[PDB]
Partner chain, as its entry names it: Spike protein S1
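Heads up, the chain below is alone and in the form deposited without the partner chain; it's given as structure tokens.
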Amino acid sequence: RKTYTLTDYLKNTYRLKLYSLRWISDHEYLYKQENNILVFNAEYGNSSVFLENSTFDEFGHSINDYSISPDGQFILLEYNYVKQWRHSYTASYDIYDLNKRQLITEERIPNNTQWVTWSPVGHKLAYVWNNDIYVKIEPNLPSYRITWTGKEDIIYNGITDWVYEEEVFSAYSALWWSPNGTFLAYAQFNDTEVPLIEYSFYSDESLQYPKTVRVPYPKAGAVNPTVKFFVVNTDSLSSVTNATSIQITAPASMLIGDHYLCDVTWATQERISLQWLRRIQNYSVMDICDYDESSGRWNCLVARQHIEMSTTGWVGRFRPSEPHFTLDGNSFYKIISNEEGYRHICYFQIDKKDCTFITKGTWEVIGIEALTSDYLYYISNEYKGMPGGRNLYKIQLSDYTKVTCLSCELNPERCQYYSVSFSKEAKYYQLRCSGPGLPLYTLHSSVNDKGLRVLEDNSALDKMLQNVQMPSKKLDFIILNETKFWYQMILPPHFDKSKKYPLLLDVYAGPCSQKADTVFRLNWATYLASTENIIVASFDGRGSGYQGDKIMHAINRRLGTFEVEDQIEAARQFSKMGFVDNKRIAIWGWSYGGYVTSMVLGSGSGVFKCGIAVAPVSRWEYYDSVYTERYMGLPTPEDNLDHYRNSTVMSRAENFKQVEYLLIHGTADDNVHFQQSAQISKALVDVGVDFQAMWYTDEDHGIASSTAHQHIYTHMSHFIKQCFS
């Protein structure tokens, strides 16, 4: 009866099986079989080989990924993959003509391409090379150069810079096809005056001299990149004259100061929706711009604007939600925080200001998943009032009282956390259950909500897990100021509540974050409970999301206060539970969780014995502007410079004499720069506090390389076991 060991987690012994499918039409999806790609008929479950690996085993390159054209007449081959940031990367591409059954060797896609994408229909092709946009009406024909101002580290056409990739759009891409591929909208970011963050990269041992990486990176209060938006007609590309792009400008209420482009969504074939967001991220405006044939220009009627603001904090969770327009584009549904601070779906009209909420309650709609003529499919945490749960719902557009949950009752014993993937027209949908039981994948029919087939049930994994002493998970809540605050505990096998165990507080506690959910996980905490009999707990206090703006906006303009104090208060109640050794309580966290961990260890509460901080934030003036300023405003005396200086971990170095501290950070961290940890170590030296440290050469914010990953979790294990004796 072995236990889940550290080797199991580091070597991925027990692996969850997925069912990652991509919908091709309203009733077909592609699936990978390790040797080929199969086309599945959603209605009957039969399949047929769409493309076998014996088609590119002669290529001479390692196939990184494939991209079928919407009409299934070409495929895009990705190779020479080179990662950049969280989403950005670079690769080489080769289009394979499914009709000629051979590669396209004429007018090939250039090497070092930054982003490629088909049109929504047909086989048009837009790609970004050297920060300039190109369009191919045909894969074999020459490409049409759309932009000419592309310049590395300054001008970005069709691609996002660093801050927009990480904080706004969560993608390298800045291209938006029209529904039928006629128009191609894109954004232009300009980092001319944006200060560059510089750090050393050491590379392989052969490199005699280290290289200096420089990235345009606006820290809190620095000069942000400017943005422009354009739309070009891809049906009239002139082979003789240059392409003519039409610029859509932001509303007057946004040009008064610094602002952002935070959302782009096409309504109809000639109507596109833009959402702008002031640098003070509590005021946003949606523009609905239509095309005018007689003038070849895009106009955004003032009467069709839509303001979305907040007085308790920022607008949106991390950005204003995306709209879902109706068939005629004259109406749309989108998630906005209601009057009491609970985010729900509001029915909008293109012409009028007032919207009408179609959902209500002391819970939140996580996201709108699909929209049809009669139904609106969304995910929420309404079932059993558990904020850590996720279920799929359908609300009738003609009668808001007819709401139906499509996943609540399928298997309430093993499934409480759901995601979904709909077909092209939402005729079928795949449900992705991920807890508390083993993940489960099912295929359903939208017309009657009947379960067609079981795609993946992890029955093979369930069998192996029966021969290992696996830990349990306890999801509950405690009361703070007459408010429910949820927590979770990874409990060791054979848990005895009369026995006493060491407790480790696994923390993140970022704004709109959630560490207490019903998701089933096989992670480092699994090993700590199964093998080391350690209770690893997580707590969602003030600042956590999916529980209303009263809890989420509580940390507005005062990061590093309530969410830090609540972690201490929660661990304080944990120590008085009888099964927790109050002399052996630790706390560790990554990224924002490293900041909270360091602020807790420097709080002088005396509750924690030791703690680990991995790639932590130490001084909010060091992190990027879009994220920091969203919760802290500007670091100016006339704004919020007080909390900026009052919430550093360096100012608490003196209180680090009570605890054992392990500080870890990667030298190539483009996100939370090594500077942050270098200033923490320097402050502890100035006050004479001893501590443990560890850098990782050329590792980024993830420290995700195979060898480094195993090394850090091995090093942290020794630190924890040594602190618990």
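Residue numbers count along the first chain shown, from 1.
Another form exists, deposited with the partner chain bound; not displayed. Remarks below refer to it.
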### Query
Which one of these stretches, 431-439, 254-262, 176-184, 447-455, sits within 4.5 Å of the partner chain in the deposited complex when only heavy atoms are counted?
254-262
### Query
All three of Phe230, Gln305 and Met309 touching the partner chain in the deposited complex at 4.5 Å, heavy atom to heavy atom?
yes
### Query
Taking 4.5 angstroms as the cut-off for heavy atoms, does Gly361 touch the partner chain in the deposited complex?
no
#### Entry: Contact test in the deposited complex: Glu482 vs the partner chain, heavy atoms, 4.5 Å
no
### Query
With the partner left out of view, is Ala250 within 4.5 angstroms of the partner chain in the deposited complex by any non-hydrogen atom?
yes
### Task
Classify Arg414 as contacting or not contacting the partner chain in the deposited complex by the rule of any non-hydrogen atom within 4.5 angstroms, answering yes or no.
no
### Task
Scan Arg278, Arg108, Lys151, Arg145 and let me know which has any heavy atom within 4.5 Å of the partner chain in the deposited complex.
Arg278
### Summary
Partner-free chain; cross-checking the partner chain in the deposited complex, the single residue of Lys609, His344, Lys427, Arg297 with a heavy atom within 4.5 Å is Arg297
